[PDB]
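# Residue-level structural notes
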Amino acid sequence: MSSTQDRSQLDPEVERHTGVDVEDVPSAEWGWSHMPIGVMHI
Amino acid sequence: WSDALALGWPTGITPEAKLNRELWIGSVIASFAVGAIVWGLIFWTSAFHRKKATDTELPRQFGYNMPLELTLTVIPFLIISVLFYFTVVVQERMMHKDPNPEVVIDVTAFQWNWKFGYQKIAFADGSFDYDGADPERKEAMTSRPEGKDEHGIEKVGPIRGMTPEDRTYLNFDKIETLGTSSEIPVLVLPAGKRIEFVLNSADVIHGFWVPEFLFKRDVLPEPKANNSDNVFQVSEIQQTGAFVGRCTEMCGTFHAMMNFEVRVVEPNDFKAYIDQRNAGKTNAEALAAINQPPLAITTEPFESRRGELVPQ
Amino acid sequence: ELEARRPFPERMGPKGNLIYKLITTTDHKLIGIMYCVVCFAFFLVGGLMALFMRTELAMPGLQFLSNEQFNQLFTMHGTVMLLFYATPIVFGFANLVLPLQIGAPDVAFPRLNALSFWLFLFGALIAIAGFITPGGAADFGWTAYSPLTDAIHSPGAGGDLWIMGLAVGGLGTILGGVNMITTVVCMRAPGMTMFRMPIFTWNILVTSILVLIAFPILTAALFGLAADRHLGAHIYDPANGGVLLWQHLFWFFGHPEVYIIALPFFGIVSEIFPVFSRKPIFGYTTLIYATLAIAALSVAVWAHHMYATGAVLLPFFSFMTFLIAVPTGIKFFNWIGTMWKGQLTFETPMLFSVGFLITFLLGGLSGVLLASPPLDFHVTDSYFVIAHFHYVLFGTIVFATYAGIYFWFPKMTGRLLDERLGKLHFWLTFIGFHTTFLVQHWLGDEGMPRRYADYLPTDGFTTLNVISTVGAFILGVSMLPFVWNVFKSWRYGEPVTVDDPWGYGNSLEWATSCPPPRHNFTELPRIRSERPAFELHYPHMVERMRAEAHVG
Amino acid sequence: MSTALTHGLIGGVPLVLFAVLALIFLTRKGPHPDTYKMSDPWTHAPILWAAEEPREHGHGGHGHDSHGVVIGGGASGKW
Amino acid sequence: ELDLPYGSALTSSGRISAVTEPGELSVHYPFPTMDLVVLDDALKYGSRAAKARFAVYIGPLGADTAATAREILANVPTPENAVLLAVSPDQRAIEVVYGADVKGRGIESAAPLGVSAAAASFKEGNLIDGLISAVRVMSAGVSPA
Amino acid sequence: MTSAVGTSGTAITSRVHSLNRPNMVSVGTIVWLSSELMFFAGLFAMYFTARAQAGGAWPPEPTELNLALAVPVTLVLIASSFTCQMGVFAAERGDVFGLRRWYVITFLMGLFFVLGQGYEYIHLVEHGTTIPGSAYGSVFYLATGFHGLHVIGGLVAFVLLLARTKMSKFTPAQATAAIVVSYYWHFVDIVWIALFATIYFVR
Amino acid sequence: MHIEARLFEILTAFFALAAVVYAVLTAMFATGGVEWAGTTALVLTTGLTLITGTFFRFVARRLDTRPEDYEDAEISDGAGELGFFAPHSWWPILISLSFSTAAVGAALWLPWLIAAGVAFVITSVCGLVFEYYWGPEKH
Ligand code: HEA
Ligand code: HEA
Ligand SMILES: CCCCCCCC/C=C\CCCCCCCC(=O)OC[C@H](COP(=O)(O)OCCN)OC(=O)CCCCCCCCCCCCCCC
Ligand SMILES: [Cu+2]
């Protein structure tokens, strides 16, 4: 009970449309969440 | 058939060994019978497959058969009781502890090899006015007047007033058949004689096995202080020739290099060997003097090289 | 009238769904899965050491192993496979199924059991870390006899790391035993009286009692040895009763240790047999009484491993050894009766259970032969003992553990292991094991004791050693089918959407969704007998369950 | 004794036995049903598969209710 | 009311505790596990872009295939944003059904495309590959809400 | 969020309703104490087997046990046991303050026992007897020092539980924690009674 | 809770019998009298089972028959709020790592490492014990 829900409005900026999706990374839009697989393989 | 049913016995060369072989063969017969009946039961119940013709009719679901359980829990008591009685009677013939042995061998076993001292030879027929020396047994009683302190401490010793490295237990003898890393020790015994083995270990615990004796015993560092029976008689050795022996307890890194030999000869050959060993002559020289191979024939002091791929 | 289900369940799961749980998991099921995986990894390590020893032993010369390298090999192999694969995997199966089997939501002290798992894992890692040291791991055998274990003999750091790793693993095992006894004593279903819980939980309770009886002695002995090594503390000075002191203490530990290694898997097999026999475990009360007698006698016959020391009351320990051999016979006949007259279907779990029976029988014949000191004298500390305890162990903790895995894998995964792969794995394992360890009876009967790196070509036992190596490599290849089966059936593999993938189940872990819910249960049946799930799924049978029960 | 011979034995007998047993077992029909041939009639019970893809807001079934199927189009085909 | 023919019992709560004999399986779907997994991928993450619950109904949908397709869509958890492809190979009949939420997202145009892909695959002689192709085509057609 | 999903007055409650069912914390601590008894059994076995192997004078000449500093420490440990039991008596009630007072004085007396044992160790080592020095010295030091480590662990438990009582409302769970800590301390003093009787009285 | 106590009572009886018979048959008929190692181990495992069984018997006498001990008990009889069961916690792994540090410090005789491991063990046990009692931060 001793807590209050937080409202966070952060400036977003790629648009995250392509790459990772919130289903895989639940905080995809909150920061860098995708390393391309190509760079990892190389 | 017996040797096949012996599961690889070395044929006994001592009366106790042959009695132990008889006990093993009897116990193997009993265990093979039990295993055969149990495997028969297991296979027969495996034959109770889930037949396709069996409709939706589950088994009897019996369980809890008190009469059968009582029968099969009382009968195993009978088998173990008879086998334990045989065990006790045969065990009785493991150390008769005859106060007057026929030749006493002092088997010292130091870290990675052996030594045999011929503590005493005393034949009933009348001969061998021989005995061990034992002036070599010297203690390490650190009863110094004063220790690191100035006064008062007068410390006696760590244990029973003596230092652990005391070697009071270790008994030495005149005719020592020491074995080196490059020469397998060949202990020489007379056939037909009651041989005492007084066991001791100079450095670490390990074991003294002559597979042809069908018996062994751990050569402990200080048997007496460990409430252990170092001494172990053999009532008689009939078969002559060489019999291998191995360190049958974890000796150290060179635990596999401790193999020794026991070269049982006739009483007259033993007399000649002992006479030629009293006069300064190595074990090899004495064995050759009795027209016998000097070195171990059942084993060799195989290479001290760490292995095959070591570049010499 | 029809449900919208997925064509095939999740194979792997969303990214990052496990790492933080493994670090933080408090649930008993996941901790048991980690136990199983880590214990099987340690089994692979110990088996690799075994194959190294065996490759060296196929030749009279020292082909590639130095004497001390081979000695470290058998030392660490025995220690890994007893104290770091078996005694942990008993508690792995405990955490896996015991809370379910008593209708409990979780273990008594879940943080304590997670601590036990982690203490085990890191104790095992530090014990194994002896190898990376230049000297290597511990030279002294698994038994680690006294004068060879002091600083003077075996001054290596591998020995100290081994001592402390075994100490840490023992603390983990003690915590696990406390946890399991508390769970069985306190946490239990409203109808689950003590005398109607499954045989596996009975075995785990008695095993934990033995764990507490024994492992503290191991910790005391290991701490005394560590004091002797790092302080010259004269604790085990041979001029004292040091060598026999260590013998008595360590064996008072290890012999109850082998019986805590055995009893849980006796329970696993007792769970396996009724379900594939379609009939109740025969003599359930007899099984529990036999387990209690086994533990009681095991606590007090420790010194039949010291027959050749010449320093023990041989008649007393021989009589107790026979007295403890009898209850194992009672249990074996109960298993056979359970198999008796049922619609037997030989799926991989019961193939492994029957393989346990077959191998353990010969192991126990070897044991009863060994029990007699006159016989033990010749066969002591030889490959006859190697064959004895490998038969009993590999039967009771490899065949039985494989049966348990193939049995509870669906109930812990929601997926069935491939049955044909199970067939291949079981038969490869059986053939390889019997080929590798059968000849060792004759190998040790004829003079060739245990812990020999090499032997003379002029000596015998060369063809038999290469036969044993063929068997060991048969086991090595046999391991691959099981690993492939598990790897391809955890995430792929026949989904099981219902309780009892092995129909006609019992013992109450099959009254809940095949992937058990967090807290193990959304529903508990009317617990009225030893087979709540069987009664639930087959209500019509309940009367029969009580009608023919007394007939026997 | 004949290092090459026994090394080949220990290396091959395991592999040979493994291959024999794999042929014996892995070449057996599995319990999975055989693939449904198009010509053969559809014998299996009706199947409905769903994605479980989109979030369901609440998890609890209560408070989801049955507003409407609210069909929003249709299509058809005859192979 | 009747539980499964054997070995399934209704438990205290609603959930049913069913069983199977040791030998046989539970899913019993007449398709290789690999193709079932592929279709699951098509429905699960081959559809996330669509943000529309995609469903496949291989069962028979008799009588007026359209109405029964609507009724089957009623069985989907979220029929309002849901695209269901129901095919009866006994009748050789495909149907696709959507809800009010998936409207104007390209679903209508992708309807004939998905149906044509499924029909082409079926006539080529493979039901499952047609299902997967139709799911992929429709999912790519439907832009996220 | 309205009032609560779980109507519990504390984030942590007793792991069982101890009124009608066993208290798992007490059962588990009792089981673990019974195991630590076997640990001390291994220690006692070491000491006794060393005793059997001395030449009739079990305390060597350099070593002479000091009852002057040995009787007071055992008496103080008994007193600490009694004060721990009164701390338990306070704990069963809601009196966290009485529990804290009794456990504080118990901690002080246990610390005094530890310091007295350390002083006796200093006297013993200064007058010859030492772990590398002799078998008696080593077995005695091992047994008494492992018991001392157990006592120090009990002191750690006392301080940790007093902190825990500071940091949250005294609840039946904390009462249970105090009872189990008291069980451990009682076991510690019992094993000390045995060790003192064997080392000093029986000899 | 009668069965739980009775089990340990039976174990205590057997262990007392075994210790007494071993002591009697080893004081006489043995090469060095009582072994003093097996005898003490048997005596104190008898004591182990005695402690556990005495606690269980006291509890059973003190406790009315629970459903877990009652045949014919319905599931709903045992219904109720089971006690606290520690949810997810990362303190166990930290305790294990700290004890492993202390253990390596003991094996490798590194007194500094032993001290660091002991400090880590105390800290991690504090974290584990206080995890479910650390009141909210008051700023
Ligand atoms: C799971 C592990 C396990 C199990 C279950 C057992 C079970 C038994 N063990 Fe085992 N044993 C070990 C693991 C195990 N052992 C290990 C690891 C060693 C290592 C020694 C070392 O290296 O130091 C060892 C050593 C060992 C020795 C020492 C040999 C030596 O070193 O010289 C002896 C006896 O001397 C022995 C005996 C027994 C007996 C009598 C049983 C019995 O409990 C079980 C078998 C006996 C039966 C009787 C079962 C069959 C019963 C019937 C078929 C009923 C009808 C038959 C009759 C009535 C005869 N064991
Ligand atoms: C659970 C206990 C257990 C198990 C399963 C085994 C299994 C095996 N053991 Fe045993 N063994 C012991 C316990 C065990 N052993 C003990 C306690 C001793 C006495 C120790 C001592 O005296 O100190 C002993 C001793 C012992 C010796 C005596 C060595 C000597 O004294 O000189 C030998 C010799 O061959 C041996 C062989 C084997 C073999 C061939 C197997 C096989 O069953 C093993 C099967 C192996 C595999 C399945 C491995 C294959 C896996 C891979 C190739 C993958 C590897 C991958 C990774 C590591 C990542 N064992
Ligand atoms: C495991 C520990 C390691 C292995 C097991 C050890 C167990 C010991 C337990 C308790 C004993 C502590 C009492 C200490 C006081 C006893 C007095 C004494 O022994 O005599 C002085 C000697 C010098 O003797 P000296 O050179 O001949 O010079 C004569 C001067 N004229 O100091 C010493 O060596 C004694 C120092 C011993 C310190 C041990 C620290 C224990 C803490 C370990 C932490 C837990 C580790 C966890 C591991 C998993
Ligand atoms: Cu030797």
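What the entry reports as its method is cryo-EM, with 3.0 Å given for the resolution.

## Some words on the site of ligand 3
Around ligand 3, a shell composed of 19 residues is seen, among which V125, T130, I131, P132 and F146 of chain F lie nearest. One chain alone does not account for the residues near ligand 3; they come from chains C, F and G. In isolation ligand 3 has 1,100 Å² of accessible area, and contact with the protein removes 64% of it.

## What about the coordination of the copper ion (ligand 4)?
For a metal with four tetrahedral donors the ideal donor-metal-donor angle is 109.5 degrees, whereas six octahedral donors ideally subtend 90 or 180 degrees. All names here are of chain B. All of the protein donors around the copper ion (ligand 4) are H206 (ND1), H206 (NE2) and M258 (SD); their distances to the metal are 2.2 to 2.7 Å. Here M258 lies in the loop between β10 (241-245) and β11 (260-265) and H206 lies in strand β7 (residues 206-210), a separation of 52 residues in the sequence. Both residues of the pair, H206 and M258, count as buried.

## A few points about the packing of aromatic side chains
Inspection of the entire model under this criterion finds 118 aromatic pairs over all chains. Here the aromatic rings of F352 of chain C and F426 of chain C are separated by 5.2 Å at their centres, their planes lie at 75°, and the arrangement is edge-to-face. Pair noted here: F352 of chain C is in helix α12 (residues 348-371) and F426 of chain C is in helix α15 (residues 419-445), with a separation of 74 residues, a long-range link. Per residue, the accessibility class of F352 of chain C equals that of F426 of chain C, and both read buried. Relative to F122 of chain E, the ring of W79 of chain D has its centre 5.5 Å away and its plane inclined at 65°; by these criteria the two rings are edge-to-face. Of this pair, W79 of chain D sits in the segment after β2 (71-77) while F122 of chain E sits in helix α3 (residues 107-124), which puts the two residues in different chains. The two residues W79 of chain D and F122 of chain E agree in class, both being buried. One cation-aromatic arrangement involves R92 of chain E over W79 of chain D; the distance from NZ or CZ to the ring centre is 5.5 Å.

## Observations concerning the state of the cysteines
Within the structure shown, the criterion is met by 1 disulfide over all chains. Each sulfur of the disulfide joining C247 of chain B and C251 of chain B lies 1.6 Å from the other. Torsion about the S-S bond of the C247 of chain B and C251 of chain B cystine: about -40°, corresponding to left-handed handedness. On the accessibility criterion, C251 of chain B (0% relative accessible area) is buried. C39 of chain C carries a free sulfur, and the closest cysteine sulfur to it, the one in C36 of chain C, is 6.9 Å from it. The class of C39 of chain C is buried, set by a relative accessible area of 0%.

## Remarks on the coordination of the iron atom of ligand 2
Residues and elements named next belong to chain C. Those protein atoms acting as donors to the iron atom of ligand 2 are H77 (NE2) and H390 (NE2), and they sit at 1.8 to 2.4 Å. Note that the iron atom of ligand 2 binds 6 donor atoms; their angles at the metal cover 78 to 180°, and the shape is octahedral. With a gap of 313 residues between them, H77 in helix α3 (residues 67-83) and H390 in helix α14 (residues 383-413) connect regions that are remote in the sequence. A residue is classified by how much of its surface remains accessible, and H77, at 12% relative accessible area, is buried.

## Some words on the interface of chain B and chain F
On the chain F side, the residues contacting the 11 residues of chain B number 10 residues. Carbon and sulfur atoms make up 50% of the surface buried where chain B meets chain F, a total of about 750 Å² over both sides. It is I153, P158 and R160 of chain B in chain B that bury the most area against chain F; as a group they hold 49% of the surface buried on that side. Our count for the contact surface shared by chain B and chain F stands at 0 salt bridges. Summed over the shared surface of chain B and chain F, the number is 4 residue pairs in polar contact. Among the residues forming the side of chain B that touches chain F, the class breakdown is 5 nonpolar, 2 polar and 4 charged.

The rules behind the values
Residues numbered from 1 in each chain as written, not as in the entry; some residues may be left out. Chains lettered and ligands numbered in written order. Part of a larger assembly, values for the part shown. Heavy atoms only, no water. Residues with missing side-chain atoms left out of burial classes, pairs and counts. Near = heavy atom within 4 Å. Areas by Shrake-Rupley, 256 points an atom, 1.4 Å probe, with all protein chains shown as cover. Donors = N, O, S within 2.8 Å, 3.2 Å for Na, K, Ca; no water. Helix = DSSP H or I, 4+ residues; strand = E, 2+ residues; numbered from the N terminus. Buried < 20%, exposed > 50% of the residue type's maximum accessible area, 1.4 Å probe, protein only. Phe/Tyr/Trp six-rings, centres within 6.5 Å; stacked < 30°, edge-to-face > 60°. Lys NZ or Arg CZ within 6 Å of the ring centre and 35° of its normal. Disulfide = S-S within 2.5 Å. Tetrahedral: all angles 85-135°; square planar, octahedral: opposite > 155°, others 65-115°. Contact = heavy atoms within 4.5 Å. Buried area = accessible area lost by both parts, 1.4 Å probe. Salt bridge = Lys/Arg side-chain N within 4 Å of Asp/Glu carboxyl O. Polar contact = N/O pair within 3.5 Å; in protein donor to acceptor, adjacent residues only side chain to side chain. Nonpolar A, V, L, I, M, F, W, Y, C, P; charged D, E, K, R; others polar.

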